[PDB]
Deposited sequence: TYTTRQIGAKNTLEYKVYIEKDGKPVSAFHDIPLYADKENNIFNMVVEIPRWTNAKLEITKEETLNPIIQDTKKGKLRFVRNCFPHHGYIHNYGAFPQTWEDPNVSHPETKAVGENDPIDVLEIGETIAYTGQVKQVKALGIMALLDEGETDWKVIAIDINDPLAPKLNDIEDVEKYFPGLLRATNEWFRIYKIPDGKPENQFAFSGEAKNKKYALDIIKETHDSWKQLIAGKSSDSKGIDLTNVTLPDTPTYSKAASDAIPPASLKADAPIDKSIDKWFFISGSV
């Protein structure tokens, strides 16, 4: 059973969320299997950011067991701004564990592959949900290949009706257009340029997505075994894979206990709707 352990108050520099298996911390990057059911291509998604929130929370590559923490820029907490007509993030936003976009192999981010989960229920930070892949988009975020897998929680009431990317157009009309717009404009309020998509913004289909996911997983297989070119930056401690160099069961025990803190308030500025 997967739960979460929260250190500190939400919306602070000290905030951290660890994933626990049966009460013990494990690595959110390395220890959650990519597949919940490999035969039927059911994936485990680590959720970072709930739909309709702003705080830019991410699995941290550089800290032990890769807790989810808030991104910062020059010491200041990062929040995505509200870009009309959107409110914060428009998907449950996360990553697949045991994936790595190797920045030495080419057509690369050095991060796990990103996942947009489009189901009805709002997710929680640190949630491990089981999803099926529907398709994939290729954003060029600031000079780099930034895949966005489109997926759905298998528990969603619509899940059996969605198998491939065309089903998103059918049941969620306008969501793909919104996704294109969102990723184009979301950093404009931060003073950054409009982003661009490859494939003229087309969402490639499920087969294409599975190909990309499998290839980011193989790379990761060699990261954690230690045979990769350069795991610089990235911390590779894990506690579930007994025959890896960086297996360190003690890492679990070194994590502080759950702090019991109410969410810190968020600056009223974050309310603002930007018309861009």
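Sequence ranges 108-113, 283-286 have no coordinates in this entry (deposited sequence, numbered from 1, C-alpha basis).
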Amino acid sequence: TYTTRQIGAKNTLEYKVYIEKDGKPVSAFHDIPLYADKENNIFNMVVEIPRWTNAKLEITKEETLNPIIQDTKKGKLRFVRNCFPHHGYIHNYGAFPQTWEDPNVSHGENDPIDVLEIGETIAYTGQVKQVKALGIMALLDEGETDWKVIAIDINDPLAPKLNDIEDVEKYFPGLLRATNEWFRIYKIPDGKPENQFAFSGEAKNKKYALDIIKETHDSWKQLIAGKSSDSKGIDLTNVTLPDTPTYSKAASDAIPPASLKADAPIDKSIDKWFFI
From here on, numbers count along this sequence of modelled residues.
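Set 42-50 against 232-240 and average the Cα temperature factors; 232-240 ends up higher. As the entry records it, the average C-alpha temperature factor is higher for 156-164, out of 88-96 and 156-164.
Among 142, 114, 120, 71, the highest C-alpha B-factor recorded in the PDB entry belongs to 142. Per the PDB entry, 101 shows the highest C-alpha temperature factor of the residues 169, 101, 190, 181.
Annotation for residue 110: CA B-factor lies in the highest third of the chain's modelled residues. Among the modelled residues of the chain, residue 273 sits in the lowest third by CA temperature factor in this PDB entry. Among the modelled residues of its chain, residue 19 has a C-alpha B-factor that falls in the middle third, as given in the PDB entry. When the modelled residues of the chain are ordered by their C-alpha B factor, residue 147 lands in the middle third. Split the chain's modelled residues into thirds by C-alpha temperature factor. Residue 55 is in the lowest one.
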